[PDB]
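> Turn this into a structure:
(chains A and B)
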Amino acid sequence: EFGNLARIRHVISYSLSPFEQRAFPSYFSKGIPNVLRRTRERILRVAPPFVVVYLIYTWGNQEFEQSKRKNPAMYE
Amino acid sequence: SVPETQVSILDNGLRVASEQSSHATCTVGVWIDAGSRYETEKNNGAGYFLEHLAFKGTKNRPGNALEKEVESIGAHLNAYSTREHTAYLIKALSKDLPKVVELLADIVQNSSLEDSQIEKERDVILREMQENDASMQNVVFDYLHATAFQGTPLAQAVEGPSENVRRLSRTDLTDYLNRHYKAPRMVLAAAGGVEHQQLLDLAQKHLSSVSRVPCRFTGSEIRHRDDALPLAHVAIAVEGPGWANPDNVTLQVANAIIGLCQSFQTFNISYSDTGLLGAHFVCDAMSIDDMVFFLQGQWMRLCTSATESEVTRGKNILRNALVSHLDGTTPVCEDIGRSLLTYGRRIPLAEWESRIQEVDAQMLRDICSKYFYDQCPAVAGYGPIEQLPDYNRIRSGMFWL
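Numbers count the residues shown, from 1 in each chain, chains lettered A, B, ... in the order given. What follows is the structure:
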């Protein structure tokens, strides 16, 4: 429990009371930049698998349709 | 039947106050309305370093010959500095009353700051600070002042940061000396076997040369976690009323009610229309949270439910403690100097007794609800303070559902 969790030394920690600080300081001021900062650092790891899922899904659909398409030579 | 404190004023504005008594030894002091609150972060240790330099010789009495004089009559020489006041006081015999006053005159004006001494006192001050960190409760109360008065001149310590200490020069000191040592901001206080007319004549003879010319409580917390220390010191405070607000007396009675941690002390530190009212406790890590819970309950209790008898206890307790008359000369005068600097007058003990006896339980819980209930505290912890609760738990403990 608390008190026996870990041993740190000389780490001072300042803080403020909730009612003494604005609720969403610079929210959209820096929030947007940060969210955008974040998306950059992760978009190349996340997005291209889902991009090729979209290509495979479309491909499958279209291929399936063509498959269902009647052979011109069929029954002729 | 306590003798009244008689106050006179010179042209300079130096109020010469004295309270005669039978005791044949006296405590003559000079108080000055100058502390770390009047410093502007470029001279943050000027009062402390001048307090070190003030006994190392003057122009008329060069060097240790000065202190040879205060050895010659067997007198004792003391000085202290707070965030708002500076005091230079001498305990001596009655018959040595003139020369002592003359000595005090040199200490406030005509003082000499030797460059040689400046380096020696810098090493003294630097080293002491380098070892001052040892005193935890001083570290915790400095942390409490810093986090409670963030961005104001009341956050900065009396000693100042080592930085300034190293970076200080005679001229700077000279400034602080020539700026914050004005005659209207000075009280010559005497207690014990002194005559007021003789002391007034001595103040007219010497010391007649002294030249004549808000704060915001940031409720927050500072925690210095260092797990190698054996014990933890935690101080929790709220904003105090100030010197001139009479409900201080009622708050003192509340402190007398409180009086689980190895050491539990309540404080009501007052500055000019501000202050810190709270509790400091020093405890083992594995008890800290329980202490806090205990402490908050008491406070809340007083604000919520307080009986008549305990109030009487506090009234009486405060009474005896407030009793300072003939407690000691040093105390007596200290009270004269602080009373003339803060209230502008010496409040007699009969007025204190009247303000104590008008306090009942209803106005005590009203004033405690005004100052303790649903208030944002300042928290300062030092030591193994991991189990010390964070700000939401303390803030939620500042009220009851």
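> how close does residue B:333 sit to chain A?
Going from residue B:333 to chain A by C-beta to the nearest C-beta, to the nearest Å gives 39 Å. All C-beta atoms are positioned from the backbone trio N, CA, C, and that covers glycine.
> How about the secondary structure of the closest residue to that residue other than its chain neighbours?
Of all residues beyond its chain neighbours, the one nearest residue B:333 is residue B:191 (3.7 Å), with distances taken as C-beta to C-beta, 6 or more residues apart in numbering or on different chains. What DSSP: H, G, I helix; E, B strand; the rest coil gives for residue B:191 is strand.
> Run through the bridge partners of residue B:191.
residue B:19, residue B:27 (DSSP bridges).
> Quick check, it in contact with residue B:17.
No: Residue B:191 is beyond contact range of residue B:17, at 9.2 Å (criterion: C-beta atoms under 8 Å).
> Now for those two: what residues contact both?
residue B:336 (C-beta atoms under 8 Å, 6 or more residues apart in numbering or on different chains).
> quick one: stretch B:194-202 to chain centroid distance?
27 Å (C-alpha atoms, centre = their mean, to the nearest Å).
> okay, residue B:191 and residue B:17: which has more neighbours?
residue B:191 (31 against 26; other C-beta atoms under 10 Å in any protein chain shown).
> Counting neighbours, what do you get for residue B:374?
11.
> Which residues of the stretch 1-150 of chain B lie near chain A?
residue B:147 (C-beta under 8 Å from any C-beta of the partner chain).
> Can you name the residue of the stretch 1-150 of chain B nearest to chain A?
residue B:147 (6.4 Å; C-beta to the nearest C-beta).
> That residue and residue B:387, how far apart?
Going from residue B:147 to residue B:387 by C-beta to C-beta, to the nearest Å gives 20 Å.
> Please name the nearest non-neighbouring residue to residue B:54.
residue B:107 (5.3 Å).
> Could you double-check that that neighbour lies in contact with residue B:88?
Yes: Residue B:107 lies in contact with residue B:88 (C-beta under 8 Å); the separation is 5.2 Å.
> does the closest residue to chain B within chain A count as helix, strand or coil?
Going by C-beta to the nearest C-beta, chain B is nearest to residue A:3 of chain A, at 3.2 Å. When classified by three-state DSSP, residue A:3 comes out as coil.
> How about residue A:35?
helix.
> ok, how many other residues are close to it?
Residue A:35: 10 neighbours (other C-beta under 10 Å).
> Next: residue B:171.
Going by other C-beta under 10 Å, the residues that sit close to residue B:171 add up to 9.
> Same question for residue A:13.
Neighbours around residue A:13, by other C-beta under 10 Å: 13.
> Could you do residue A:15 as well?
For residue A:15, the neighbour count with other C-beta under 10 Å is 15.
> what about the helices in the stretch 301-401 of chain B?
Per DSSP state H, counting those that start in this stretch, the stretch 301-401 of chain B carries helices over the ranges B:308-322, B:329-342, B:349-357, B:361-371, B:391-397.
> Please disregard the earlier target; I meant chain A.
A:27-68 (DSSP state H).
> what does it put close to chain B?
Residues of chain A lying close to chain B (C-beta under 8 Å from any C-beta) are A:1-20.
> give me that answer again for 6 Å
The interface of chain A toward chain B, taken as C-beta under 6 Å from any C-beta of the partner chain, is made up of A:2-3, A:5, A:7-17, A:20.
> among these, which are in strands?
A:11-16 (DSSP state E).
> Just name the closest of the residues you listed to residue B:112, please.
Comparing those against residue B:112 with C-beta to C-beta places residue A:12 closest, at 40.0 Å.
> Can you tell me the closest non-neighbouring residue to residue B:375?
residue B:238 (4.6 Å).
> Relative to residue B:172, how far out is that neighbour?
36 Å.
> Name the residue in those two with the higher neighbour count.
Between residue B:238 and residue B:172, counted using other C-beta under 10 Å, the more crowded position is residue B:238 (20 against 17).
> Tell me if that one really is in a helix.
No: counting by three-state DSSP, residue B:238 is not part of a helix but strand.
> thinking again about what came up before, mind putting the helices of the stretch 301-401 of chain B in a markdown table, mean neighbour count included?
Shown next, in a markdown table, are those (neighbours: other C-beta atoms under 10 Å in any protein chain shown):
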| stretch | mean neighbour count |
| --- | --- |
| helix B:308-322 | 16 |
| helix B:329-342 | 22 |
| helix B:349-357 | 14 |
| helix B:361-371 | 18 |
| helix B:391-397 | 16 |
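> Thank you, goodbye.
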